[PDB]
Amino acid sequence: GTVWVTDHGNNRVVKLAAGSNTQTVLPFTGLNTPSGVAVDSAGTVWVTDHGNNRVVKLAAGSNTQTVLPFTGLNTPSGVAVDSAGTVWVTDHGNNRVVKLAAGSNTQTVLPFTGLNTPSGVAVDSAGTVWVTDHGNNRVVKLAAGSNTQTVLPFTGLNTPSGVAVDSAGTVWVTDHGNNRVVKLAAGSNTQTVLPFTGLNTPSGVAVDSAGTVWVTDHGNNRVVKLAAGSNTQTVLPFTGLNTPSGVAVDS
């Protein structure tokens, strides 16, 4: 239930530990316009350091930032990590999605086709990869071991900015251009719209195993949350956010 946020406008990553209402600032260094964040159950944090065309990670309680050995990134927009430690990145400026398997020294390009300005990525424990294909107003997926993408049956998306998936295969998307969050359950082809209100250019979404949903409400400099079944959003007690770009939660 810990929440991490890329506080883009302030070139920093903040967190609110489970049970705390006072954020901490993580000791990343030299970030610029950081665009997204991913975490694992060990509390390692990965960040797309967008303005520096790189991906960095920080282990829990450390003072060591590691630059991951990706190649040729341009304006990278989002990151996802699985329990095996593979890292996926939406390489926005190159219209592609790349990954580093844990322990690999060079990235792989995923066999998506026709992407434009991809904005975000999520993975599940089966290794399925979902991408917000922002420039085409759609969400695409590759199943583990497949090289044939499919397009999810969302409707009416505009400049979608981020995606999250749970262990049941439900998919949530920040439909940025429409100021809303939409979801599709696994066996569903009819989206619902979550009861957030007053969102402005929402930038990212995270879910936990209990079905709580957190959203970086970028245009209002805040993070909002709906617990599973809730109909009233809660503004988290972060302070000083500016143009926040992404959010990740752990269990």
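Numbers follow the displayed sequence, beginning with 1.
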Between 179-187 and 26-34, the record assigns the higher mean Cα B factor to 179-187
Between 136-144 and 93-101, point out the one with the higher average CA B-factor as the PDB entry records it.
136-144
Using only the C-alpha B-factors in the record, can you name which of 19, 240, 237, 9 has the highest?
19
Of the residues 173, 84, 80, 131, the one carrying the largest Cα B-factor as recorded:
84
Should residue 227 be placed in the lowest, middle or highest third of its chain by the C-alpha B factor in the entry?
highest
Entry-reported C-alpha B-factor of residue 76 relative to its chain, by third, is lowest
Going by the recorded CA B-factors, say which third of the chain residue 42 sits in, lowest, middle or highest.
highest
Of the three thirds of Cα B-factor ranks in this chain, residue 204 occupies the lowest
Among the modelled residues of this chain, does the Cα B factor of residue 62 put it in the lowest, middle or highest third?
highest
